[PDB]
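What's counted below: heavy atoms across the whole structure, side chains too, no hydrogens, waters or symmetry copies. In what follows, chains carry the letters A, B, and so on, assigned in the order in which the sequence lines appear, proteins first and then strands, with residues in each chain numbered from 1.
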Amino acid sequence: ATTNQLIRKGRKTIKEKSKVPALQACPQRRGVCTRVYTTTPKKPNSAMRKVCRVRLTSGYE
Amino acid sequence: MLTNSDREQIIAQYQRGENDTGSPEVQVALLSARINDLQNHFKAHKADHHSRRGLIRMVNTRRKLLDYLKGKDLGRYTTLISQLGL
Amino acid sequence: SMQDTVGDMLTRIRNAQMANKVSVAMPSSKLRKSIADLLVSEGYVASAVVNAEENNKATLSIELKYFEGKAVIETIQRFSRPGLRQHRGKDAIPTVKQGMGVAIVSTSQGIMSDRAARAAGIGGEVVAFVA
RNA sequence: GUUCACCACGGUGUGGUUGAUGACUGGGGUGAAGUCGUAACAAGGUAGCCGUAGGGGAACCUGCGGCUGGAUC
RNA sequence: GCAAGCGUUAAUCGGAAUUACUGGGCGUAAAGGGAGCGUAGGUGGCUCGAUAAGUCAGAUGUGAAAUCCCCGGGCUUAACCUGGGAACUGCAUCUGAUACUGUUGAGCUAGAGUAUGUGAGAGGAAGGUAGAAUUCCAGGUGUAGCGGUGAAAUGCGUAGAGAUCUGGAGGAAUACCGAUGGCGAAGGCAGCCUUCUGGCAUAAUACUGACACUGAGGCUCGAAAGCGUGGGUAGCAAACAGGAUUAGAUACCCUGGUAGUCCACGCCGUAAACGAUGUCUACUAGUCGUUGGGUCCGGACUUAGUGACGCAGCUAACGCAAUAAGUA
RNA sequence: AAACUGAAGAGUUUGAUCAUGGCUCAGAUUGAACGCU
RNA sequence: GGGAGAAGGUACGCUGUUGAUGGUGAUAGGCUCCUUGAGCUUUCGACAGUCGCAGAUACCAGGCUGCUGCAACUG
């Protein structure tokens with residue numbers, strides 16, 4: 001990466017998206033539970049973990 | 001090809017000085033003669049790419065010398081290309 | 001092609017010093033001779049003489065120094081290459097090894113040391129760092 | 001006042017760009033006491049891989065050219 | 001451990017040298033474009049002058065205040081408020097300097113080229129031709145097998161095979177030489193001869209006088225397979241048919257076999273297109289081969305390649321090491 | 001007089017190692033929300 | 001090549017003024033030539049007015065799109 005190449009093209013820092021899109025950059029968000037169920041974990045662990053499918057005011061389910 | 005005799009004829013015609021054989025004028029004239037003579041070879045041998053590579057290099061060298069001569073003295077360049085039909 | 005004459009001269013000095021050569025010769029120029037004169041005056045090389053050869057040519061010959069087995073020039077790096085030139089003001093010249101080294105500065109008053117340019121209150125092209 | 005000019009709303013037609021949805025369909029992933037084989041790793045039991053073509057339930061196979069990132073020689 | 005707060009979530013920078021300007025890499029970890037020619041652009045030899053655009057310095061004007069930082073001052077302290085500075089890396093205009101870059105005048109030959117003589121080469125293109133061999137066709141001799149495999153079988157043969165001898169047709173490739181040998185930008189290029197033709201290597205003299213390097217886009221060329229059209233078609237052989245092996249065997253092995261392989265003209269534009277190593281410069285212990293030259297006295301030196309080692313240096317290590325992956 | 005003072009790493013690929021390389025963490029900040037107080 | 005006149009729009013009469021323009025050539029000047037151009041005639045426009053429900057006013061004179069089967073098409 002020569003000086004001429006850096007001035008012509010540049011450096012590029014791609015921007016990582018948020019891991020919590022449904023909050024829409026909010027601390028919390030209100031929803032209604034559309035389902036309250038249990039599920040089994042990944043390979044090392046075993047349990048009946050309690051999950052709820054919830055539709056938020058942000059339009060995500 | 002071009003014989004020694006006609007190569008020397010071109011040299012003598014385009015001598016800027018005595019027995020110089022190295023100025024842009026004589027170089028460009030000799031390249032022009034060689035290209036115009038090789039046109040005969042490449043009309044009968046179209047798939048001679050290995051020879052065409054060298055002819056293209058001749059064209060490139062003549063273009064470099066013509067641009068250098070134009071940037072050096074424009075009267076000489078406009079005279080030379082008028083003599084050679086370029 | 002060769003497009004850095006100062007960098008070529010510095011690389012010649014560096015390579016000869018790594019090879020424990022007594023003296024290094026190169027095609028001479030006035031800028032090269034000035035840089036060699038600054039090196040001599042700084043005490044990094046023993047001497048630098050220009051021998052005028054034929055065909056309007058000249059050879060710059062530099063006698064190198066070695067102290068306690070090691071080379072006197074610990075490091076010599078070009079700073080302002082042709083592809084990126086560096087010019088600094090009087091209070092912006094980089095210090096080399098806290099001042100125990102030399103930053104070769106080509107100023108309007110000639111090519112001098114970074115400390116000389118600071119004393120003169122002057123700036124210019126920072127061409128090399130020699131320590 | 002009348003009339004013409006300019007012009008906002010509004011209308012008409014024909015396209016462009018783009019979001020959501022769509023029977024069905026393609027590959028991608030995840031999931032366990034599954035089915036069929038065993039392709040790769042050792043010379044992996046026909047050395048492997050690359051481009052390309054043909055063929056095949058499926059890993060793949062075969063031709064041509066190439067590579068060593070191949071044992072043994 | 002914090003404390004009238006303490007945790008969690010969201011969000012930004014940091015740590016992250018993890019986009020590296022400061023400040024990273026690309027042989028094998030991700031990463032050199034298949035190769036070249038070249039446009040814009042970037043960069044660029046020596047000497048004497050001019051110029052002062054860049055650059056450097058100075059002056060002047062401005063860069064609001066607040067904020068930040070420094071020195072103080074006022075709230076009981078602090079937060080807060082406040083006086084003066086410093087700073088605001090900036091811009092503009094003048095003045096000065098000319099080392100470097102930029103623009104220019106002149107000159108120089110060391111980079112790059114030209115003319116002239118020799119030399120090597122599977123460099124390219126178009127024709128022609130030779131000899132071994134295979135296959136087929138037709139005959140002579142001859143008789144019961146041949147062929148194939150780890151074994152077999154399919155297949156061929158009593159309509160006479162296979163073997164042997166003699167004639168004919170046809171296509172393709174060019175044994176030995178043959179060589180980490182040569183030539184070519186790569187891709188590639190081997191019988192021999194001619195014609196057309198490119199580059200290179202080498203000696204000396206004369207000449208031009210920076211004409212250079214690299215190169216986004218662009219263009220050209222670019223194995224094999226494949227595609228179009230028209231030919232050709234011996235061998236080989238995808239597909240395909242059969243025989244084996246196997247539990248199966250859409251394979252490996254066997255017998256056959258069409259496209260293709262060959263030619264002409266066009267496409268295609270891809271390969272582990274590899275040295276997994278961009279091009280071009282300069283510099284840095286040495287030793288031994290080899291190809292084409294050159295100069296000396298069978299040796300010595302020097303050149304352009306092409307190889308094997310091996311210091312320093314570099315590398316995660318492997319290793320590279322003047323044909324660098326060293327120093328720039 | 002002064003404005004001129006500033007730079008830490010850890011865990012996690014392996015039987016183990018070095019490298020590469022991502023992910024994660026310790027900091028600071030907020031017009032914040034939420035939970036407990 | 002086309003599809004395509006795809007689809008779909010706008011103008012269009014008369015009167016006056018006015019710009020340009022092709023042809024033919026009287027008339028003068030030097031079976032012919034050149035310049036000039038009377039008269040006649042051609043083609044585009046511009047501006048201003050004007051009447052009606054309506055100006056391609058009558059006769060004359062394509063309807064047009066979307067999906068899909070078949071056959072290449074003219075014959």
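- To the nearest whole angstrom, the two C1' atoms, one in E/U197 and one in E/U303, are 29 Å apart.
- Using a 4.0 Å cut-off between charged nitrogen and carboxylate oxygen, A/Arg35 and A/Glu61 do not count as a salt-bridge pair.
- E/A99 atom P lies 17 Å from atom CD1 of C/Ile93, rounded to whole Å.
- Residue-level contact check: C/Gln109 touches neither bases nor backbone, having no heavy atom under 4.0 Å from any strand.
- Residue contacts shown for B/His49 are limited to sugar-phosphate atoms, with no base heavy atom under 4.0 Å away.
- Between E/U116 and B/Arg7, a contact under 4.0 Å exists linking OP1 or OP2 to a side-chain N or O.
- A negative value of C1'-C2'-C3'-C4' puts the sugar of G/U57 in the south, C2'-endo-like family.
- At whole-Å resolution of the value, CG in C/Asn55 and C1' in E/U47 are 14 Å apart.
- With its glycosidic angle more than 90° from 0, G/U65 is assigned anti.
- A salt bridge links C/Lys97 with C/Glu74: the closest approach of a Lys/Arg side-chain nitrogen to an acidic carboxylate oxygen falls below 4.0 angstrom.
- Remark: the separation of the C1' atoms in D/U2 and D/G10 is 26 Å, to the nearest Å.
- No salt bridge links C/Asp37 with C/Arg32; every basic N to acidic carboxylate O contact stays at or beyond 4.0 Å.
- With its glycosidic angle within 90° of 0, E/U89 is assigned syn.
- C/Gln77 has its CD atom 13 Å from the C1' atom of E/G326, to the nearest Å.
- A 4.5 Å side-chain heavy-atom check between C/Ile111 and C/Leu31 finds at least one atom pair inside the cut-off.
- E/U303 adopts an anti glycosidic conformation, its chi angle falling more than 90° from 0.
- Note on C/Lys57: a base of the nucleic acid sits closer than 4.0 angstrom, heavy atoms only.
- Atom name P, nucleotides D/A40 and E/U245: the rounded distance is 24 Å, in whole Å.
- Remark on RNA chain E: of its neighbouring residues C/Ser29 and C/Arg85, the 5'-side contact belongs to C/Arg85, judged by nearest-heavy-atom nucleotide.
- Classification of D/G11 as anti follows from a glycosidic angle more than 90° from 0.
- One can place CD of A/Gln5 at 12 Å from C1' of E/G32, the figure rounded to the nearest angstrom.
- Sugar conformation at E/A57 is north: the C1'-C2'-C3'-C4' dihedral has a positive sign, consistent with the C3'-endo side.
- Between the P atom of E/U101 and the NE2 atom of C/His87 lies a distance of 9 Å, rounded to the nearest Å.
- Against the 90° criterion about 0, the sugar-base torsion of E/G111 places it in the anti range.
- Residues C/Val127 and C/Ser106 share a closest heavy-atom pair of CG1-N, 3.9 Å.
- Computed from coordinates, the B/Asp20 CG to E/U208 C1' distance equals 7 Å when rounded to whole Å.
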